[PDB]
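Quick notes on the structure that follows.
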Amino acid sequence: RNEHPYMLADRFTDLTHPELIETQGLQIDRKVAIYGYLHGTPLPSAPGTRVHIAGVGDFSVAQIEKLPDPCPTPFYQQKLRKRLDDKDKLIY
Amino acid sequence: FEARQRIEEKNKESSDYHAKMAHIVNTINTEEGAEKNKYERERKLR
Amino acid sequence: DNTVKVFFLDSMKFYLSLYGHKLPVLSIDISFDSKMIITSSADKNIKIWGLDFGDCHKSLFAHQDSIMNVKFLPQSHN
Amino acid sequence: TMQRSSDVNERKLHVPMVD
Amino acid sequence: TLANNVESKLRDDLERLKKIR
Amino acid sequence: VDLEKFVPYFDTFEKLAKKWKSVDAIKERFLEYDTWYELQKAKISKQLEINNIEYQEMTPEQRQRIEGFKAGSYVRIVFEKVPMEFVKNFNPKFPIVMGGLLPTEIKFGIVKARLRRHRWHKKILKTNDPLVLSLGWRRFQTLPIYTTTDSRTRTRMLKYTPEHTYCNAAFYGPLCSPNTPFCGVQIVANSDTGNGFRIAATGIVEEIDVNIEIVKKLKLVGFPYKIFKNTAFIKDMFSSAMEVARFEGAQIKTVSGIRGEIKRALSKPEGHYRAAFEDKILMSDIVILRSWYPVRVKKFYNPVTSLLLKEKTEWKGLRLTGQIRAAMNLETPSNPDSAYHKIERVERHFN
Amino acid sequence: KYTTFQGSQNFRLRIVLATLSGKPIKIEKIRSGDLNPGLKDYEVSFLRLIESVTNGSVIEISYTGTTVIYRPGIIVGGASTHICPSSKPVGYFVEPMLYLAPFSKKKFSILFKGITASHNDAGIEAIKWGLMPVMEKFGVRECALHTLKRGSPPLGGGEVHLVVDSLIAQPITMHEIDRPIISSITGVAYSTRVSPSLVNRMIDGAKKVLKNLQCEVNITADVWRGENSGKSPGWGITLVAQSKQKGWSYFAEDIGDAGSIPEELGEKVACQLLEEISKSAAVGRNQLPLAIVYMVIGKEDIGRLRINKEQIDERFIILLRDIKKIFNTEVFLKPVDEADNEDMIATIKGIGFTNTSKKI
Amino acid sequence: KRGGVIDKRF
Amino acid sequence: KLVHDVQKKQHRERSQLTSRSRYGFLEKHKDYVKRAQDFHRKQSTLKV
Amino acid sequence: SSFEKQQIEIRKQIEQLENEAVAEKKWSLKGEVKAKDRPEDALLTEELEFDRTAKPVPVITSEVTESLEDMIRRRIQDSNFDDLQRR
Amino acid sequence: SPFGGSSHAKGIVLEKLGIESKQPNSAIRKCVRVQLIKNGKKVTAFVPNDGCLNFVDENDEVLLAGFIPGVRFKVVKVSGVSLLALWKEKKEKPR
């Protein structure tokens, strides 16, 4: 876990144009965007890094960008012997 | 021809084997036995 | 002293010195192409030193007595 | 106590790792 | 015919023996 | 201008000689932790303390360029040429895990692992038998070959895994760094789960390279027909005298253990040859020549891709040798001669 | 697919980093416009040397020789013998072999035969006292280049035996932000087939320039004679500036041709090394293409190397550019806080490379 | 020995 | 005594081939030494 | 689909390897083998490594000669003869 | 005392020096070089048998106890599990 970068997908989205799905058919290869928190070693910023999705195959990262933390931790959110605040706890 | 190179390869390998096995038994016995003998005489001194 | 030093005549600076002569060189000789230095010595042996590196290709005990003077055949290695 | 302290000092030791 | 086949097989063995050697 | 010229470019003599008439401008250059464990931890920590410092010095855009996206960052990754079926057969219950691959992971070839039958697995595993392995982030099916060292003299092909110990296993697939352990399973579909423990083997990958030289043992068998004391003639060992010519002088031995040699081939009939033994052999003896024949690893690769299916729990690939025989209704092959039988020995009285 | 580049520029560098990466590489347009296009004998022979030490690699050279496709295999090595063509000396092939020596299955015991010195390529002593000592700094503890026989141009025939008895997972992380203090200057003076006075006139020419310094000088007067002293007379000098504090070294080398005065070329290497010092901060630009590549294949940690203004030239840039495509690693530079000099600190990271080819 | 030198040069 | 019960399993002996049944019982090491020793007893007595 | 086309190639290999699993083994992979079982002269076609029981009789090659008269010249040069003398 | 007052000492398995030995269950095949963690001193240790030699691998924690003369230490315990438990098929090593 400390030698590889890995990631558990929080949501799933298909970015293929609906027109492409029709002119060629559903059988066309599709563009997909996968979001989540990164783990382990840092993931290189430049695209093209080779990754494996379990049960799918090996793919190369077409594009990558960081988004704001959608579930900010309380110490982080307020930053932007004391107990947790009921407002601070969040579920995402 | 093939026999001659084959057999001389076994002989060199076997000779190197016994030399390495012989060197290690001497060095481990000599260096560690001194410390074992060292500790025992301290026990006798105690 | 049994060593034959070579001076560039145009620059007047010392280039290379022959070494290993048992006895002093009686005669010195430059091939027509100027790339060899033939030398005959009181040690009775003739050494032929190449210019580019000042190196003896062969040492030859030619005469039972010392070789006083040595000639070329012009435009020839002889 | 020294024998124990040796026995507790050793159990604290581990492989060096990088997290 | 059979003897000729044995001869041809023997020749094939010969060529392979050349290949080894 | 180019590295093939090892000596690099320098200035001319006279400029450089004038440049350094004096040796100025260069005078400046010329003239406790209690335990070893603490020393190693500190070395790790200082490097970590070093790492944090530059990244702080670096600009945030510079930092991401050099480190990339650190762990804990919420990030969007876009993929192209994803299979069609993956979106269609998408179940949110089944997790999607992404794993970065180091350069060795992409390479394909032969994998050498020290592998044992999993202890609670009911049956021993067989060579050339499909097995789904879990290496790194990837889980795929291969045909491993189980081998032994024979006292570190050769790699000999074993037919099954040892009952209660490890053995060397060779198989083809994506490579990995040595010391990367793995687990093996024979069945992953729910239909054929049954009540056996499904984990079949557990082992450690030992080495990586592009081929293995596994060899299988061959015994050519002979029968005697004519004996003179140490010397005897043997038949049906070989089909022709030319065959005997190749193995002249070869070491041979009987079932009783009387060692022998192939002395000369008999001209008549073809294949017959003369052998001398340390003792006279008997008519019932069977002489044997020990030989060895190379074996090859099958290059089979079938990634197990459950998430691309409708079921996601009924993936099936190569079937075991037992199942194919059951489906086609073939009995397990057997040889009456190979079978073992009780032997009772009659005391011999000699004249 | 295949990373595509142009020209024979940095030919060896682009194969070995391909070999280190495991990433397959394509090089095309090898002197397409020249009268004699395609790879030359020495660089074909070098590509053969790689196949000897690597296992599983496939190499194809085009019909006209102007394109090569290289897919690397795992690095295995072993005892072997190589014939260096007379075009280049042994040093041309041994220097790039140092890029790959410590990361193999079995030990590198390779015999190189051919010329041993040239005006443009590394000599034995450049590798021995000039390039190898950098290996002890990088973790490669024991490693040697044994000289059994030296052969001068144009006939050559020299013999050098390389042994790298160290094998390590990856190079140690690098930490040199100071300009090392040089303690003494040493060197070796060598010749074939010629009188020893040459090797003495070597030192006297080298001695003359550098006695303005306050240093102890010991230049080895070495003369090869007998059967092991080459089929051609020749000679050259190698002076090394040595730092005993942190084990750093800087060297200069060149060989003498026909018609050269010995004190002249002795005067060269003394002032030649001397010029190299001014342009070096921590490692010379003849050691620069050694230090950067190993640091790029270190562990995932930033190290610091101090590099001078004069070091960063066309050679530093394309070399840096070549590393980026193969590894996607970029070398950042931050200025030193000191004002006496304008030296630079080059920060690089290892890719986490490991010696997966080793027996564990 | 695995991997081979496939030289197409005329 | 770090040997288990399994590694001390019996290895069963084979018998004569059915095709070779007419030549008699398949002899083994222990059978051979019995006839080897008696012949040595024999030649020694013939020798003296 | 291409992924389905991937299963198209896989479900071919399964049947051949399935057939090979139940197919009769080659004489090489049958362990103990007999001349009648294998093709005649098959071992002429195959490379089999086997041990020999005695020394390979030496061959008198030139370098064996050259090394041999070289010493004979050395012994006689030193007048070192192992010869019997009057006692 | 061999461990400087302790009854047991952990170490780091560096390399199995007897792997290349031909003879099975030779006295050499059970010898392993080990780095003592408390001081970093390299030492040699005994593993009970070649079957147990399979369990030990490079960079695993190993506890050493007093025992090819001179090898005074035996490997009793590895990586969260005792060898004899592993050797008896009573446990698996945690990784």
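Chains: A, B, ... in order of the structure tokens. Residues: from 1 per chain. Ligands: from 1, in order shown.
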
Skip residue C:14 itself and residues of its chain fewer than 5 positions away, then list as a PyMOL selection string all residues within 8 Å of it, counting only C-alpha atoms. (chain C and resi 5-8) or (chain G and resi 261)

Give me the residues within 8 Å of stretch 7-14 of chain K as a PyMOL selection string, counting only C-alpha atoms and dropping any in the same chain fewer than 3 places off. (chain D and resi 7+10-11+13-15) or (chain K and resi 3+32-38+56-66)

Take the residues that were just selected and, keeping N, CA, C and O atoms, output them as a JSON list (two decimals), in the first residue's frame.
```
[["chain", "number", "residue", "atom", "x", "y", "z"],
["D", 7, "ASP", "N", 14.30, -7.03, 28.14],
["D", 7, "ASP", "CA", 13.22, -7.75, 27.47],
["D", 7, "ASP", "C", 12.14, -6.81, 26.96],
["D", 7, "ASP", "O", 11.42, -7.14, 26.00],
["D", 10, "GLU", "N", 13.82, -4.73, 23.85],
["D", 10, "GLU", "CA", 13.91, -5.49, 22.60],
["D", 10, "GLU", "C", 12.56, -5.56, 21.90],
["D", 10, "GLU", "O", 12.49, -5.49, 20.66],
["D", 11, "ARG", "N", 11.46, -5.70, 22.65],
["D", 11, "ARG", "CA", 10.15, -5.84, 22.02],
["D", 11, "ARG", "C", 9.70, -4.53, 21.37],
["D", 11, "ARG", "O", 8.80, -4.52, 20.52],
["D", 13, "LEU", "N", 11.73, -2.80, 19.50],
["D", 13, "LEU", "CA", 12.43, -2.76, 18.22],
["D", 13, "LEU", "C", 11.60, -3.43, 17.12],
["D", 13, "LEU", "O", 10.87, -4.39, 17.37],
["D", 14, "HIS", "N", 11.71, -2.90, 15.90],
["D", 14, "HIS", "CA", 11.06, -3.47, 14.73],
["D", 14, "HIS", "C", 11.93, -3.23, 13.50],
["D", 14, "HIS", "O", 13.04, -2.70, 13.59],
["D", 15, "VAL", "N", 11.41, -3.64, 12.35],
["D", 15, "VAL", "CA", 12.04, -3.28, 11.07],
["D", 15, "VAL", "C", 11.83, -1.79, 10.83],
["D", 15, "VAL", "O", 10.74, -1.27, 11.12],
["K", 3, "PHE", "N", 22.91, -11.95, 24.30],
["K", 3, "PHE", "CA", 22.06, -10.83, 23.90],
["K", 3, "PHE", "C", 22.23, -9.61, 24.79],
["K", 3, "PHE", "O", 21.42, -8.68, 24.71],
["K", 32, "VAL", "N", 21.39, -18.71, 8.28],
["K", 32, "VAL", "CA", 20.86, -17.45, 7.76],
["K", 32, "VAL", "C", 21.60, -16.30, 8.42],
["K", 32, "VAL", "O", 21.78, -16.29, 9.65],
["K", 33, "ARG", "N", 22.03, -15.33, 7.62],
["K", 33, "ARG", "CA", 22.65, -14.13, 8.16],
["K", 33, "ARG", "C", 21.56, -13.17, 8.64],
["K", 33, "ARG", "O", 20.56, -12.96, 7.95],
["K", 34, "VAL", "N", 21.77, -12.60, 9.82],
["K", 34, "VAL", "CA", 20.76, -11.77, 10.48],
["K", 34, "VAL", "C", 21.43, -10.54, 11.07],
["K", 34, "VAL", "O", 22.51, -10.63, 11.67],
["K", 35, "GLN", "N", 20.78, -9.39, 10.91],
["K", 35, "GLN", "CA", 21.21, -8.13, 11.52],
["K", 35, "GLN", "C", 20.47, -7.93, 12.83],
["K", 35, "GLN", "O", 19.24, -7.80, 12.84],
["K", 36, "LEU", "N", 21.22, -7.88, 13.93],
["K", 36, "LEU", "CA", 20.63, -7.57, 15.22],
["K", 36, "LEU", "C", 20.15, -6.13, 15.25],
["K", 36, "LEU", "O", 20.93, -5.20, 14.99],
["K", 37, "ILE", "N", 18.87, -5.94, 15.58],
["K", 37, "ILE", "CA", 18.27, -4.61, 15.44],
["K", 37, "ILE", "C", 18.79, -3.66, 16.51],
["K", 37, "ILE", "O", 18.97, -2.46, 16.24],
["K", 38, "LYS", "N", 19.03, -4.14, 17.73],
["K", 38, "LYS", "CA", 19.36, -3.22, 18.82],
["K", 38, "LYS", "C", 20.70, -2.54, 18.59],
["K", 38, "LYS", "O", 20.90, -1.40, 19.02],
["K", 56, "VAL", "N", 11.15, -18.53, 6.04],
["K", 56, "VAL", "CA", 11.93, -17.31, 6.24],
["K", 56, "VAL", "C", 12.23, -16.66, 4.89],
["K", 56, "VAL", "O", 12.61, -17.34, 3.93],
["K", 57, "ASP", "N", 12.05, -15.35, 4.81],
["K", 57, "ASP", "CA", 12.34, -14.59, 3.61],
["K", 57, "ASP", "C", 12.99, -13.26, 3.98],
["K", 57, "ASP", "O", 12.98, -12.83, 5.13],
["K", 58, "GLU", "N", 13.57, -12.61, 2.97],
["K", 58, "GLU", "CA", 14.43, -11.46, 3.20],
["K", 58, "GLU", "C", 13.62, -10.20, 3.50],
["K", 58, "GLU", "O", 12.65, -9.88, 2.81],
["K", 59, "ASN", "N", 14.04, -9.48, 4.56],
["K", 59, "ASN", "CA", 13.32, -8.38, 5.21],
["K", 59, "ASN", "C", 12.10, -8.81, 6.02],
["K", 59, "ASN", "O", 11.07, -8.13, 5.98],
["K", 60, "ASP", "N", 12.18, -9.90, 6.77],
["K", 60, "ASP", "CA", 11.17, -10.25, 7.75],
["K", 60, "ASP", "C", 11.74, -10.17, 9.17],
["K", 60, "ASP", "O", 12.94, -10.37, 9.38],
["K", 61, "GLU", "N", 10.87, -9.86, 10.12],
["K", 61, "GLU", "CA", 11.27, -9.84, 11.52],
["K", 61, "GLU", "C", 11.54, -11.26, 12.00],
["K", 61, "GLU", "O", 10.75, -12.17, 11.74],
["K", 62, "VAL", "N", 12.65, -11.45, 12.71],
["K", 62, "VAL", "CA", 13.01, -12.75, 13.26],
["K", 62, "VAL", "C", 13.55, -12.57, 14.67],
["K", 62, "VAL", "O", 14.44, -11.75, 14.91],
["K", 63, "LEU", "N", 13.01, -13.36, 15.60],
["K", 63, "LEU", "CA", 13.48, -13.39, 16.98],
["K", 63, "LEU", "C", 14.50, -14.50, 17.12],
["K", 63, "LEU", "O", 14.30, -15.60, 16.59],
["K", 64, "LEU", "N", 15.59, -14.22, 17.83],
["K", 64, "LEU", "CA", 16.70, -15.16, 17.97],
["K", 64, "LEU", "C", 16.86, -15.57, 19.43],
["K", 64, "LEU", "O", 16.71, -14.76, 20.35],
["K", 65, "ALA", "N", 17.17, -16.85, 19.63],
["K", 65, "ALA", "CA", 17.39, -17.42, 20.94],
["K", 65, "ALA", "C", 18.66, -18.27, 20.91],
["K", 65, "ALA", "O", 19.08, -18.74, 19.85],
["K", 66, "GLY", "N", 19.26, -18.44, 22.08],
["K", 66, "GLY", "CA", 20.51, -19.18, 22.15],
["K", 66, "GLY", "C", 20.33, -20.61, 21.66],
["K", 66, "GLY", "O", 19.27, -21.21, 21.81]]
```

Report the residues of stretch 53-245 of chain F whose backbone DSSP state falls under strand (DSSP E or B), written as a VMD selection string. chain F and resid 69 74 to 82 97 to 100 108 to 117 126 131 to 135 138 to 142 145 to 148 156 to 158 160 166 to 174 181 to 185 199 to 209 215 to 228 231 to 235

Enumerate the residues of stretch 277-350 of chain G with a DSSP assignment of alpha helix (DSSP H), computed from the backbone, and present them as a PyMOL selection string. chain G and resi 277-278+288-296+314-327

Rank nothing, just name the residue among A:69, A:58, A:86, A:29 nearest to chain J, using only C-alpha atoms.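 Of A:69, A:58, A:86, A:29, the one nearest chain J is A:29, counting only C-alpha atoms.
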
Select all residues from chain B having any atom no more than 12 Å from an atom of chain J (counting only C-alpha atoms, ignoring ligands), output as a ChimeraX atom specification. /B:1-8

Which chain K residues are at most 6 Å from chain B (counting only C-alpha atoms), as a PyMOL selection string? chain K and resi 68-70

Wanna dump the chain F-chain K contacts at 9 Å for me, each residue with its shortest atom pair and the distance in Å to one decimal, counting only C-alpha atoms, ordered by chain and number, as a Markdown table?
```
| residue | atom | partner | partner_atom | distance |
| --- | --- | --- | --- | --- |
| F:34 | CA | K:39 | CA | 8.5 |
| F:35 | CA | K:38 | CA | 5.2 |
| F:36 | CA | K:39 | CA | 4.7 |
| F:37 | CA | K:37 | CA | 5.8 |
| F:38 | CA | K:38 | CA | 8.7 |
| F:114 | CA | K:54 | CA | 8.3 |
| F:119 | CA | K:89 | CA | 7.1 |
| F:149 | CA | K:22 | CA | 9.0 |
| F:150 | CA | K:22 | CA | 8.3 |
| F:151 | CA | K:22 | CA | 4.7 |
| F:152 | CA | K:22 | CA | 4.9 |
| F:153 | CA | K:22 | CA | 7.0 |
| F:164 | CA | K:89 | CA | 8.0 |
| F:165 | CA | K:51 | CA | 7.1 |
| F:166 | CA | K:54 | CA | 7.1 |
| F:179 | CA | K:57 | CA | 8.0 |
| F:181 | CA | K:95 | CA | 8.5 |
```

Just the selected residues (N, CA and C atoms), exported as a PDB file, in the first residue's frame, please.
```pdb
ATOM      1  N   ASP F  34      21.022   5.722  21.032  1.00  0.00           N
ATOM      2  CA  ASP F  34      21.263   4.566  21.891  1.00  0.00           C
ATOM      3  C   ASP F  34      21.260   3.263  21.100  1.00  0.00           C
ATOM      4  N   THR F  35      20.293   3.091  20.203  1.00  0.00           N
ATOM      5  CA  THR F  35      20.106   1.843  19.476  1.00  0.00           C
ATOM      6  C   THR F  35      20.233   2.074  17.977  1.00  0.00           C
ATOM      7  N   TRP F  36      20.648   1.016  17.275  1.00  0.00           N
ATOM      8  CA  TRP F  36      20.713   1.070  15.819  1.00  0.00           C
ATOM      9  C   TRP F  36      19.335   1.298  15.214  1.00  0.00           C
ATOM     10  N   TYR F  37      18.281   0.824  15.883  1.00  0.00           N
ATOM     11  CA  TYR F  37      16.925   1.071  15.406  1.00  0.00           C
ATOM     12  C   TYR F  37      16.623   2.563  15.359  1.00  0.00           C
ATOM     13  N   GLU F  38      17.064   3.309  16.374  1.00  0.00           N
ATOM     14  CA  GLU F  38      16.855   4.754  16.372  1.00  0.00           C
ATOM     15  C   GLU F  38      17.584   5.411  15.208  1.00  0.00           C
ATOM     16  N   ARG F 114       7.694 -19.805  -5.346  1.00  0.00           N
ATOM     17  CA  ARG F 114       7.692 -20.895  -4.385  1.00  0.00           C
ATOM     18  C   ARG F 114       6.284 -21.011  -3.822  1.00  0.00           C
ATOM     19  N   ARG F 119      -3.324 -25.139   2.922  1.00  0.00           N
ATOM     20  CA  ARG F 119      -3.320 -26.268   3.845  1.00  0.00           C
ATOM     21  C   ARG F 119      -4.706 -26.883   3.988  1.00  0.00           C
ATOM     22  N   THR F 149      14.126 -29.003  -7.340  1.00  0.00           N
ATOM     23  CA  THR F 149      15.539 -28.771  -7.614  1.00  0.00           C
ATOM     24  C   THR F 149      16.362 -30.050  -7.705  1.00  0.00           C
ATOM     25  N   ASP F 150      15.867 -31.164  -7.170  1.00  0.00           N
ATOM     26  CA  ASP F 150      16.613 -32.422  -7.122  1.00  0.00           C
ATOM     27  C   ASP F 150      18.016 -32.195  -6.558  1.00  0.00           C
ATOM     28  N   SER F 151      18.051 -31.738  -5.306  1.00  0.00           N
ATOM     29  CA  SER F 151      19.300 -31.407  -4.618  1.00  0.00           C
ATOM     30  C   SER F 151      20.097 -30.358  -5.394  1.00  0.00           C
ATOM     31  N   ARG F 152      19.390 -29.358  -5.927  1.00  0.00           N
ATOM     32  CA  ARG F 152      20.010 -28.214  -6.603  1.00  0.00           C
ATOM     33  C   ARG F 152      20.939 -28.669  -7.729  1.00  0.00           C
ATOM     34  N   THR F 153      20.464 -29.617  -8.532  1.00  0.00           N
ATOM     35  CA  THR F 153      21.173 -30.070  -9.722  1.00  0.00           C
ATOM     36  C   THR F 153      20.419 -29.798 -11.012  1.00  0.00           C
ATOM     37  N   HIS F 164       2.283 -31.255   1.893  1.00  0.00           N
ATOM     38  CA  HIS F 164       2.450 -30.360   3.036  1.00  0.00           C
ATOM     39  C   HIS F 164       3.781 -29.618   2.978  1.00  0.00           C
ATOM     40  N   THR F 165       4.148 -29.087   1.812  1.00  0.00           N
ATOM     41  CA  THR F 165       5.326 -28.232   1.719  1.00  0.00           C
ATOM     42  C   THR F 165       5.281 -27.435   0.424  1.00  0.00           C
ATOM     43  N   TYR F 166       6.220 -26.499   0.315  1.00  0.00           N
ATOM     44  CA  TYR F 166       6.339 -25.640  -0.849  1.00  0.00           C
ATOM     45  C   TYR F 166       7.099 -26.344  -1.967  1.00  0.00           C
ATOM     46  N   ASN F 179       9.472 -11.115  -4.111  1.00  0.00           N
ATOM     47  CA  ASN F 179       8.987 -10.981  -2.740  1.00  0.00           C
ATOM     48  C   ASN F 179       7.584 -10.380  -2.708  1.00  0.00           C
ATOM     49  N   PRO F 181       4.075 -11.594  -2.570  1.00  0.00           N
ATOM     50  CA  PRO F 181       3.290 -12.825  -2.426  1.00  0.00           C
ATOM     51  C   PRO F 181       1.935 -12.734  -3.109  1.00  0.00           C
TER      52      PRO F 181
END
```

Show which residues sit within 12 Å of stretch 5-12 of chain E, as a ChimeraX atom specification. Count only C-alpha atoms, and ignore same-chain residues fewer than 3 positions away. /E:1-2,15-19 /F:240-243 /J:39-42,44-45

Output file for the selection above: N, CA, C and O atoms, as a PDB file, in the first residue's frame:
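So part20.pdb came out as:
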```pdb
ATOM      1  N   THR E   1      10.034 -50.459 -52.091  1.00  0.00           N
ATOM      2  CA  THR E   1       9.341 -49.242 -51.688  1.00  0.00           C
ATOM      3  C   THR E   1       9.582 -48.955 -50.210  1.00  0.00           C
ATOM      4  O   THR E   1      10.004 -47.859 -49.841  1.00  0.00           O
ATOM      5  N   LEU E   2       9.310 -49.951 -49.364  1.00  0.00           N
ATOM      6  CA  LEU E   2       9.548 -49.789 -47.934  1.00  0.00           C
ATOM      7  C   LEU E   2      11.029 -49.571 -47.651  1.00  0.00           C
ATOM      8  O   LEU E   2      11.396 -48.733 -46.818  1.00  0.00           O
ATOM      9  N   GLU E  15      20.821 -35.652 -42.352  1.00  0.00           N
ATOM     10  CA  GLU E  15      20.781 -34.193 -42.446  1.00  0.00           C
ATOM     11  C   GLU E  15      20.606 -33.564 -41.070  1.00  0.00           C
ATOM     12  O   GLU E  15      21.250 -32.557 -40.748  1.00  0.00           O
ATOM     13  N   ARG E  16      19.740 -34.145 -40.240  1.00  0.00           N
ATOM     14  CA  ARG E  16      19.563 -33.609 -38.896  1.00  0.00           C
ATOM     15  C   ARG E  16      20.851 -33.741 -38.087  1.00  0.00           C
ATOM     16  O   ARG E  16      21.202 -32.847 -37.311  1.00  0.00           O
ATOM     17  N   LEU E  17      21.567 -34.853 -38.262  1.00  0.00           N
ATOM     18  CA  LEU E  17      22.847 -35.034 -37.585  1.00  0.00           C
ATOM     19  C   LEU E  17      23.841 -33.962 -38.010  1.00  0.00           C
ATOM     20  O   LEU E  17      24.607 -33.452 -37.184  1.00  0.00           O
ATOM     21  N   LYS E  18      23.848 -33.611 -39.299  1.00  0.00           N
ATOM     22  CA  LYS E  18      24.655 -32.476 -39.741  1.00  0.00           C
ATOM     23  C   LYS E  18      24.216 -31.200 -39.038  1.00  0.00           C
ATOM     24  O   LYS E  18      25.049 -30.372 -38.652  1.00  0.00           O
ATOM     25  N   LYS E  19      22.902 -31.022 -38.874  1.00  0.00           N
ATOM     26  CA  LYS E  19      22.391 -29.827 -38.209  1.00  0.00           C
ATOM     27  C   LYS E  19      22.902 -29.731 -36.776  1.00  0.00           C
ATOM     28  O   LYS E  19      23.279 -28.646 -36.317  1.00  0.00           O
TER      29      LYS E  19
ATOM     30  N   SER F 240      16.825 -49.492 -33.828  1.00  0.00           N
ATOM     31  CA  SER F 240      17.865 -49.691 -34.829  1.00  0.00           C
ATOM     32  C   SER F 240      19.235 -49.590 -34.174  1.00  0.00           C
ATOM     33  O   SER F 240      19.389 -49.036 -33.083  1.00  0.00           O
ATOM     34  N   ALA F 241      20.237 -50.144 -34.863  1.00  0.00           N
ATOM     35  CA  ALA F 241      21.604 -50.091 -34.357  1.00  0.00           C
ATOM     36  C   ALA F 241      22.141 -48.667 -34.342  1.00  0.00           C
ATOM     37  O   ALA F 241      22.989 -48.333 -33.507  1.00  0.00           O
ATOM     38  N   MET F 242      21.668 -47.818 -35.258  1.00  0.00           N
ATOM     39  CA  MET F 242      22.095 -46.423 -35.260  1.00  0.00           C
ATOM     40  C   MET F 242      21.707 -45.738 -33.957  1.00  0.00           C
ATOM     41  O   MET F 242      22.455 -44.900 -33.437  1.00  0.00           O
ATOM     42  N   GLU F 243      20.536 -46.080 -33.416  1.00  0.00           N
ATOM     43  CA  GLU F 243      20.133 -45.553 -32.117  1.00  0.00           C
ATOM     44  C   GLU F 243      21.109 -45.976 -31.029  1.00  0.00           C
ATOM     45  O   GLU F 243      21.477 -45.171 -30.165  1.00  0.00           O
TER      46      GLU F 243
ATOM     47  N   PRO J  39       8.056 -43.693 -31.917  1.00  0.00           N
ATOM     48  CA  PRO J  39       8.436 -43.934 -33.313  1.00  0.00           C
ATOM     49  C   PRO J  39       9.863 -44.447 -33.410  1.00  0.00           C
ATOM     50  O   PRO J  39      10.734 -44.088 -32.614  1.00  0.00           O
ATOM     51  N   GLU J  40      10.095 -45.307 -34.398  1.00  0.00           N
ATOM     52  CA  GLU J  40      11.434 -45.836 -34.614  1.00  0.00           C
ATOM     53  C   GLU J  40      12.392 -44.709 -34.978  1.00  0.00           C
ATOM     54  O   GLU J  40      12.053 -43.806 -35.748  1.00  0.00           O
ATOM     55  N   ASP J  41      13.595 -44.760 -34.405  1.00  0.00           N
ATOM     56  CA  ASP J  41      14.629 -43.745 -34.586  1.00  0.00           C
ATOM     57  C   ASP J  41      14.189 -42.375 -34.086  1.00  0.00           C
ATOM     58  O   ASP J  41      14.710 -41.351 -34.538  1.00  0.00           O
ATOM     59  N   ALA J  42      13.230 -42.328 -33.159  1.00  0.00           N
ATOM     60  CA  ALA J  42      12.789 -41.045 -32.624  1.00  0.00           C
ATOM     61  C   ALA J  42      13.902 -40.367 -31.835  1.00  0.00           C
ATOM     62  O   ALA J  42      14.063 -39.143 -31.903  1.00  0.00           O
ATOM     63  N   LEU J  44      17.004 -40.519 -32.422  1.00  0.00           N
ATOM     64  CA  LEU J  44      17.881 -39.876 -33.394  1.00  0.00           C
ATOM     65  C   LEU J  44      17.388 -38.468 -33.702  1.00  0.00           C
ATOM     66  O   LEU J  44      18.173 -37.586 -34.065  1.00  0.00           O
ATOM     67  N   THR J  45      16.076 -38.247 -33.571  1.00  0.00           N
ATOM     68  CA  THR J  45      15.511 -36.929 -33.837  1.00  0.00           C
ATOM     69  C   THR J  45      15.619 -36.012 -32.623  1.00  0.00           C
ATOM     70  O   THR J  45      15.509 -34.787 -32.756  1.00  0.00           O
TER      71      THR J  45
END
```

Can you tell me, as an NGL selection string, what residues are no more than 6 Å from stretch 298-308 of chain F when counting only C-alpha atoms, ignoring any on the same chain fewer than 2 positions away? (:A and (55-56)) or (:F and (85-86 or 140-142 or 172 or 312 or 315))

Contact residues (chain G, partner chain H, 12 Å, only C-alpha atoms) as a PyMOL selection string: chain G and resi 37-41+44-45+47-77

When you get a sec, could you note down which chain G residues fall within 12 Å of chain D, using only C-alpha atoms, as an MDAnalysis selection string? chainID G and resid 299:301

Please return, as a PyMOL selection string, all residues of chain I lying within 7 Å of chain F when only C-alpha atoms are considered. chain I and resi 12-14+17-18+23-29+32
